[PDB]
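Residue numbers (the deposited numbering), protein chains in the order written: chain A, 2 to 9, 11 to 27, 27A, 28B, 27C, 28 to 95, 95A, 96 to 106, 106A, 107 to 210; chain B, 1 to 52, 52A, 53 to 72, 72A to 72H, 73 to 82, 82A to 82C, 83 to 100, 100A to 100F, 101 to 222; chain C, 225 to 309, 312 to 321, 321A, 322 to 401, 410 to 504; chain D, 518 to 547, 547A to 547H, 569 to 664; chain E, 518 to 547, 547A to 547H, 569 to 664; chain F, 33 to 127.
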Amino acid sequence: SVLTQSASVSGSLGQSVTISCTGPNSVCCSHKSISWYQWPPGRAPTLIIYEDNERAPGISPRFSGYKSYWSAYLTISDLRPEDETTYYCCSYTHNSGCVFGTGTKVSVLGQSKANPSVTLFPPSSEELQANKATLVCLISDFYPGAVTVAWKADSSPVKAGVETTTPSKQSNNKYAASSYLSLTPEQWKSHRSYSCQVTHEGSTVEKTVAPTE
Amino acid sequence: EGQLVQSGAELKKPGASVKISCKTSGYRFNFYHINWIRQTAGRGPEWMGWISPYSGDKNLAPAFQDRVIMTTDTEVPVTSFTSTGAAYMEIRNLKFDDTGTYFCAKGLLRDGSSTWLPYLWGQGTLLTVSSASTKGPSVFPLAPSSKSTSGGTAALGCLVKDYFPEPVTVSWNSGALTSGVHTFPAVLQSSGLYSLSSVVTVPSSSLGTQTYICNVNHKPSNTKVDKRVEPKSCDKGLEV
Amino acid sequence: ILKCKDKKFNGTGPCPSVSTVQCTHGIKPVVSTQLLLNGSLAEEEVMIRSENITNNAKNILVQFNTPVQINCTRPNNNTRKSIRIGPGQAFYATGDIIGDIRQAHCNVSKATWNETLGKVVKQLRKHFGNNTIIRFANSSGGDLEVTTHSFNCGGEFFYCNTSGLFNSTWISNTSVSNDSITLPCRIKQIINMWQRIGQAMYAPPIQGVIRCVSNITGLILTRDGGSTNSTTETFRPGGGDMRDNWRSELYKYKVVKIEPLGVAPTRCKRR
Amino acid sequence: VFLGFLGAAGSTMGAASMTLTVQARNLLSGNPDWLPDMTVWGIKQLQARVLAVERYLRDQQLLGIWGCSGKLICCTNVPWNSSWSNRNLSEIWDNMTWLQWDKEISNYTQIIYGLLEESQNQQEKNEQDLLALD
Amino acid sequence: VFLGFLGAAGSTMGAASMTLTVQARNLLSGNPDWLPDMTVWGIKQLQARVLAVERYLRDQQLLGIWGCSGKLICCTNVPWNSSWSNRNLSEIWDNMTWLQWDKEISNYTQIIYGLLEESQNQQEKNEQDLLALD
Amino acid sequence: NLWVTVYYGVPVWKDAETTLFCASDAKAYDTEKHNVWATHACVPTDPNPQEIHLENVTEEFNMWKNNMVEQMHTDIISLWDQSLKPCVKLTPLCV
Ligand SMILES: *[C@@H]1O[C@H](CO)[C@@H](O[C@@H]2O[C@H](CO)[C@@H](O[C@@H]3O[C@H](CO[C@H]4O[C@H](CO[C@H]5O[C@H](CO)[C@@H](O)[C@H](O)[C@@H]5O)[C@@H](O)[C@H](O[C@H]5O[C@H](CO)[C@@H](O)[C@H](O)[C@@H]5O)[C@@H]4O)[C@@H](O)[C@H](O[C@H]4O[C@H](CO)[C@@H](O)[C@H](O)[C@@H]4O)[C@@H]3O)[C@H](O)[C@H]2NC(C)=O)[C@H](O)[C@H]1NC(C)=O
Ligand SMILES: *[C@@H]1O[C@H](CO)[C@@H](O[C@@H]2O[C@H](CO)[C@@H](O[C@@H]3O[C@H](CO[C@H]4O[C@H](CO)[C@@H](O)[C@H](O[C@H]5O[C@H](CO)[C@@H](O)[C@H](O)[C@@H]5O)[C@@H]4O)[C@@H](O)[C@H](O[C@H]4O[C@H](CO)[C@@H](O)[C@H](O)[C@@H]4O)[C@@H]3O)[C@H](O)[C@H]2NC(C)=O)[C@H](O)[C@H]1NC(C)=O
Ligand SMILES: *[C@@H]1O[C@H](CO)[C@@H](O[C@@H]2O[C@H](CO)[C@@H](O[C@@H]3O[C@H](CO[C@H]4O[C@H](CO)[C@@H](O)[C@H](O)[C@@H]4O)[C@@H](O)[C@H](O[C@H]4O[C@H](CO)[C@@H](O)[C@H](O)[C@@H]4O)[C@@H]3O)[C@H](O)[C@H]2NC(C)=O)[C@H](O)[C@H]1NC(C)=O
Ligand SMILES: *[C@@H]1O[C@H](CO)[C@@H](O[C@@H]2O[C@H](CO)[C@@H](O[C@@H]3O[C@H](CO)[C@@H](O)[C@H](O[C@H]4O[C@H](CO)[C@@H](O)[C@H](O)[C@@H]4O)[C@@H]3O)[C@H](O)[C@H]2NC(C)=O)[C@H](O)[C@H]1NC(C)=O
Ligand SMILES: *[C@@H]1O[C@H](CO)[C@@H](O[C@@H]2O[C@H](CO)[C@@H](O[C@@H]3O[C@H](CO)[C@@H](O)[C@H](O)[C@@H]3O)[C@H](O)[C@H]2NC(C)=O)[C@H](O)[C@H]1NC(C)=O
Ligand SMILES: *[C@@H]1O[C@H](CO)[C@@H](O)[C@H](O[C@@H]2O[C@H](CO)[C@@H](O)[C@H](O)[C@H]2NC(C)=O)[C@H]1NC(C)=O
Ligand SMILES: *[C@@H]1O[C@H](CO)[C@@H](O[C@@H]2O[C@H](CO)[C@@H](O)[C@H](O)[C@H]2NC(C)=O)[C@H](O)[C@H]1NC(C)=O
Ligand SMILES: *[C@@H]1O[C@H](CO)[C@@H](O[C@@H]2O[C@H](CO)[C@@H](O)[C@H](O)[C@H]2NC(C)=O)[C@H](O)[C@H]1NC(C)=O
Ligand SMILES: *[C@@H]1O[C@H](CO)[C@@H](O)[C@H](O)[C@H]1NC(C)=O
Ligand SMILES: *[C@@H]1O[C@H](CO)[C@@H](O)[C@H](O)[C@H]1NC(C)=O
Ligand SMILES: *[C@@H]1O[C@H](CO)[C@@H](O)[C@H](O)[C@H]1NC(C)=O
Ligand SMILES: *[C@@H]1O[C@H](CO)[C@@H](O)[C@H](O)[C@H]1NC(C)=O
Ligand SMILES: *[C@@H]1O[C@H](CO)[C@@H](O)[C@H](O)[C@H]1NC(C)=O
Ligand SMILES: *[C@@H]1O[C@H](CO)[C@@H](O)[C@H](O)[C@H]1NC(C)=O
Ligand SMILES: *[C@@H]1O[C@H](CO)[C@@H](O)[C@H](O)[C@H]1NC(C)=O
Ligand SMILES: *[C@@H]1O[C@H](CO)[C@@H](O)[C@H](O)[C@H]1NC(C)=O
Ligand SMILES: *[C@@H]1O[C@H](CO)[C@@H](O)[C@H](O)[C@H]1NC(C)=O
């Protein structure tokens, strides 16, 4: 994509924010139409701005657009928590197709932070019949998109079989993730307690289980 | 009122082919272009192409000029303003870079400078190009956990573990429970396994008046697991 | 007048290809029962139209793709007499028949009718079952204009009986020489077909032999009611209502009135 | 583009606005000649073509009591209401037909005729009489 | 104030001038539906509603040959004569009805129509043709 | 910002039922059978039937609730009576 946008953009609650969108003179905004897409990654996107500053029907006038001789801009007044997602711009003509840009992640801060919900689960009896063991560490309802998970067998670090997911936005405008630990029945029997530690940027939630209980 | 529906999730091998449907309703199928755009984590989203069910004019990206074939049926008029058409898309020469969620959408206007622009998007269809095998899940119940000792709220769910193909949707008591239903995303193991969880926050007094059954429906493997979560708790903050 | 144009049309439903006209296409007012004559042909497929297919009492209008050839003859080389009655009137009486006498009849080629039935039965199975059997016998009984294929030609009013056409049961591939099928036909000159039962018409005699050819394009059938689901269905011929003779020609037409006054918002200012 | 009579019944309202004089010229004069004197069948068709001009002059009367009077496109001074068709411009004139437009306005259309016959010429004319003496 | 059809028949001519579009909308279309085909009783009422539009278009013709053509209030360029209604302003429009006005003008009304059809558009149009080339 | 604007001559139709005409077919003068079915009163056909297809139009039809059939039914009956009205009565034949 020669259509270059802003790198990464943050913001505050109830303020304005500006997003860029430009490219070379071949895909320039001098004589081409520009459109904007609100793109929730993995869900239904939305057209918000079409062909110029004119917005799609139903769009609140909080959004606006501008087209210079070398770049296009997207302006958002009164930032809301649901505006915290990645946006894209497209350049096109009447006959040509869409040309997407690089992308611009949007993060509206100044909101109420969320205390996380971390729960640890052991494998059940049916997995003991399967001769495997999987620790389940579920993470939800945390505001900043950054978590670090550590697995400790008898409070001793584990490096093999350690898998941790990526932060995912909860539909309630929070975030969610998870992390698993695969172990053998020999390593499941030869320990006292298992610990999943999730170090928050302002706290740390640890859950401890045991094969004997 | 256009409520479009795409196809279901399917699993294929590299070098093979897969066909995705795009069934429409509530609007005139021949009045709008039908766009097709993918979302792959390797190169972000990429516009694949649009088509005109009326004039029969399609337009693809030059990178998809050889491997993408888009077809449309003729619209089935329900009323004088409603029709139920269909738009299929076949993609061949599957590679590792063609893994992601695909979309079909309705054209913007019937005349003007931006006519084909996608307005009403479908729910999406996720595709995973893999040489691996389809493996069913292993579904476990979850023990109740205390959430508020003074309030009296328990948290119970179900655990879907170790499935290679496409993800799974889960209902609760045959879809009769939607309040408190919170579903977690999948994992990525070193072997390529996916596993997630789901949970619901139930009242602690709701143990002799209601029954909670989770329903797992893995479609690419064509399996179903109906589990009953035991109301017997194990958290010391909830036993009191 | 809005004119439907797609080849297959249910009669009830949205027509996706509509045209408009002032004057319609040429329609011949034909008074006929059991068999539609000189009608408009269907497009590529045989149509089975009905106001309600499930309800038995509602008739089943049929339209043909290929025209069924029919030849009717009044063989009696007849003569007339103009006997004088009153100061100005003059009554025309049927004279003595010159030559030999035999009954009037109508000929339908057996191969074309066998093919037409074999083509209609498949269009009827789409509503009543794939790989099932249907039957149709002759009329049930009642009025002479209902039980017989009544029509006009040259001036004489033929009342033919179609019992020689409807003896059929149908296997999923076939049915259960004879170059032609002849039909006995009686003739009537005084008709009480008028819905005003205060008048009747006397047909004047036609001096000479009468022969008239025609295309057969339609049928009017009634289904035997009852609990005949697991068994077979029966399509006896019928008619009576003249309006059924017109719906096979006015199905593709609808009358609409023009309302050219519209309001729409644009940006402009007066004075 | 022309496409004859009613050719733009399914096109956009902006494209159909380019065929106003075609739909008008063919509604008034579909002249049948009734020189032959046939007794009872004339009174049905003559009543039809008399009710035709009765319906025609009813529209001309509504197109006369309003500030609009030219048998063309015409503008007024009554503002558009956001409750009527909550849509922006070019969403109408490039993705809507006159039939579907009249369908959505059919809920609110009856008061618009009153807003065009009273809010204007009961006051616009009165203001014209009270603003022309100077 | 409205007061419906003919509600201001005894009010002032200025107050009745506030109800022009009400008397107009109900004179042209009193539409009776004649879908039933009844032989001899239609020709009397159909002749009535045909003479209705014949009388209507006669007024539109008089309202067309004059410089006035909008079906509204309208001004001309023919001066008022002191011999017609020797009264000042506001003696008419606030103490007279349209009936009593037409009664006093009935003596002198027949020439006013001629003064509006000849003194203007036989000369105003001719002046418009001889003053627009520049 | 935007004001209501009337447009006279828009393609808007509403389904209704009214009296229709009938055509002479133009060969009627060369028939010279004095009176055919409706040669009595019908007017000649236009030289070119204005058949105009309306693109993008789906119209809901119903042949069984149509009022054109009722008109032709009432036209044929009134055609019978007016044709047999001035002819010869045969009431003295009831002997
Ligand atoms: C009935 O309903 C249907 C559906 O609602 C409706 O169809 C829509 O009709 C409108 C116009 O009425 C269409 O909108 C216009 O589309 C124009 C098409 O683009 C131009 O260029 C095309 C060539 O593509 C180039 O690039 C491709 C890349 O792949 C390449 O292959 C090609 O070689 C080429 O380089 C070209 O094909 C097209 O040509 C005409 O003929 C083709 C033949 O197939 C035909 O399919 C096209 O429709 C077209 O008639 C054309 O030249 C676009 O140019 C046009 O823009 C006009 O208006 C804008 C206003 O801003 C002006 O700025 C501009 O200068 C133009 O004047 C406009 O966008 C729409 O695409 C149709 N499709 C839909 C919505 O489905 C019918 O019209 C309706 N009919 C009636 C009677 O109501
Ligand atoms: C209504 O539906 C009915 C029934 O579906 C139709 O009526 C039927 O019409 C047919 C055709 O006319 C009638 O067929 C009869 O045919 C015989 C002649 O065939 C018999 O005799 C042959 C030699 O004379 C013989 O070869 C035949 O086959 C035998 O031999 C072969 C040799 O290989 C062997 O293989 C076979 O197994 C046989 O052994 C066969 O036996 C003819 O004689 C009939 O007419 C005479 O007799 C009848 C009654 O006896 C009499 O009524 C006639 O006047 C005449 O005297 C007859 O043509 C069949 O009988 C009819 N069915 C009924 C119930 O009458 C009917 O056409 C449909 N429409 C109408 C309008 O009704
Ligand atoms: C369905 O459609 C078919 C059309 O195929 C109609 O069949 C025609 O019916 C008409 C009317 O009965 C027939 O016309 C009659 O023909 C008689 C014989 O004329 C012969 O010689 C003439 C002159 O050369 C030839 O043109 C003709 O083909 C014959 O070889 C005439 O004696 C009849 O005269 C009538 O009209 C004259 C006109 O002056 C009058 O003076 C007479 O009094 C009388 O009214 C008449 O012309 C015609 O032959 C039929 N066959 C055709 C055209 O194929 C069906 O009637 C129609 N309806 C139905 C229900 O089937
Ligand atoms: C449908 O087809 C069936 C046959 O499948 C048919 O039924 C038959 O109808 C005929 C009449 O068309 C019947 O024949 C009559 O039968 C009675 C006795 O039932 C006789 O009395 C009759 O003869 C009298 O009239 C003759 C006229 O000259 C006299 O010469 C004689 O002396 C008698 O007075 C006559 O033979 C026949 O019985 C039935 N039944 C069968 C199965 O044949 C039916 O009519 C067809 N149509 C309808 C509307 O159903
Ligand atoms: C109308 O169409 C049907 C269906 O095609 C014709 O039926 C066919 O009739 C012939 C002779 O009547 C049958 O042939 C004979 O079949 C018997 C069955 O036992 C056999 O023993 C004889 O040796 C001879 O083959 C034929 O099977 C039957 N079916 C088909 C499919 O042809 C019917 O004859 C037609 N009526 C006509 C042409 O008048
Ligand atoms: C344009 O479309 C937007 C989004 O659907 C819509 O809100 C506008 O309608 C009105 O815009 C006004 C701008 O001042 C606003 O004050 C008003 O509340 C709003 N009406 C509604 C019902 O939301 C549309 N504007 C036009 C001109 O159509
Ligand atoms: C032809 O029209 C009939 C009308 O009855 C269709 O049957 C359905 O009838 C019910 C009422 O009993 C309607 O509510 C449905 O809308 C009709 N279905 C449809 C799809 O219109 C019948 O399906 C139509 N098509 C055929 C081939 O018979
Ligand atoms: C009805 O009559 C017509 C004309 O008399 C018949 O058509 C003739 O059929 C024979 C036999 O096939 C042919 O040799 C002639 O050439 C045909 N003449 C014409 C003008 O086509 C027709 O076959 C008859 N139909 C029936 C069922 O009797
Ligand atoms: C026209 O298209 C727009 C955007 O695609 C859509 O919102 C609108 O509903 C369409 N018009 C109609 C009448 O459906
Ligand atoms: C047809 O008649 C049956 C039986 O009365 C009824 O159930 C059905 O709804 C009818 N359908 C229509 C379209 O009238
Ligand atoms: C039933 O449907 C099948 C497939 O649509 C078709 O081939 C068959 O002809 C139908 N039934 C019959 C016996 O006609
Ligand atoms: C009809 O013929 C087909 C093909 O030979 C056969 O499969 C089917 O069983 C036959 N049906 C009957 C009723 O004979
Ligand atoms: C019967 O149909 C054929 C096929 O077009 C036509 O040539 C012939 O003239 C028709 N005859 C009548 C009487 O309509
Ligand atoms: C719009 O319509 C509503 C209800 O008819 C009315 O209350 C409101 O005042 C109207 N607004 C305008 C600007 O006409
Ligand atoms: C139109 O008015 C009717 C009157 O009850 C109402 O039921 C209907 O919902 C209205 N439709 C719209 C679209 O406002
Ligand atoms: C007024 O009318 C009289 C008689 O009709 C006429 O002589 C006189 O010239 C008129 N004056 C004006 C100013 O019109
Ligand atoms: C009106 O004219 C007649 C004609 O003779 C005359 O007698 C009468 O006095 C006149 N009335 C007025 C008020 O001028």
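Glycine is no exception: its CB is placed at the ideal position from the N, C-alpha and C atoms.
- Shortest gap from the CB of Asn611 (chain E) to any heavy atom of ligand 16: under 6 Å.
- Annotation: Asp56 (chain B) to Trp36 (chain B) spans about 14 Å, alpha carbon to alpha carbon.
- Under DSSP, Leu117 (chain A) takes part in a beta bridge, and its partners are A:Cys134.
- For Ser9 (chain A), the closest of A:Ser165, A:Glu198 and A:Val106 by C-alpha to C-alpha distance is A:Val106.
- Per DSSP, reduced to three states, the secondary structure at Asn339 (chain C) is helical.
- Those residues that bring their Cβ nearer than 5 Å to a heavy atom of ligand 7 are C:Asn234 and C:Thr236.
- Less than 7 Å divides the Cβ of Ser70 (chain A) from the Cβ of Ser22 (chain A).
- In this structure, the CA atom of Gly237 (chain C) is about 58 Å from the CA atom of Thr161 (chain A).
- Following the DSSP letters along the chain, one finds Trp185 (chain A) inside the alpha helix (DSSP H) bounded by residues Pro182 to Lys186.
- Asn656 (chain D) has its Cβ no nearer than 6 Å to any heavy atom of ligand 15.
- Between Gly379 (chain C) and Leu416 (chain C), the C-beta gap is not smaller than 7 Å, which leaves the two residues out of contact.
- If the five residues before and after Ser241 (chain C) are omitted, its C-beta is found closer than 6 Å to the C-beta atoms of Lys229 and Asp230, all from its own chain and listed in chain order.
- Under the Cβ distance rule, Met535 (chain D) does not count among the residues neighbouring chain F, no pair being separated by less than 7 Å.
- Here DSSP, grouped into helix, strand and coil, assigns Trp35 (chain F) to strand.
- Beta bridge pairing from DSSP links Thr71 (chain B) with B:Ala78.
- For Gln82 (chain F), the C-beta contacts it makes with chain C under 7 Å involve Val245 and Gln246, in order along the chain.
- The nearest non-hydrogen atom of ligand 12 is 6 Å or more from the C-beta of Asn355 (chain C).
- Judged by DSSP in its simplified three-state form, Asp659 (chain D) adopts helix.
- Under the 7 Å criterion on CB atoms, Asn625 (chain D) is classed as non-interfacial with respect to chain A.
- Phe519 (chain D) is outside the set of residues whose beta carbon lies under 7 Å from a beta carbon in chain F.
- Of the residues C:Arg469, C:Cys239 and C:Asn276, the one whose Cα lies closest to the Cα of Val371 (chain C) is C:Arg469.
- Not one heavy atom of ligand 9 falls within 6 Å of the beta-carbon of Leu629 (chain D).
- A Cβ-Cβ separation of about 24 Å leaves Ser161 (chain B) out of contact with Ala168 (chain B) under the 8 Å criterion.
- With a cut-off of 6 Å, the C-beta of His93 (chain A) is classified as near ligand 1, since at least one heavy atom of the ligand falls inside that distance.
- Relative to the non-hydrogen atoms of ligand 15, the Cβ of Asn616 (chain D) never comes closer than 6 Å to any of them.
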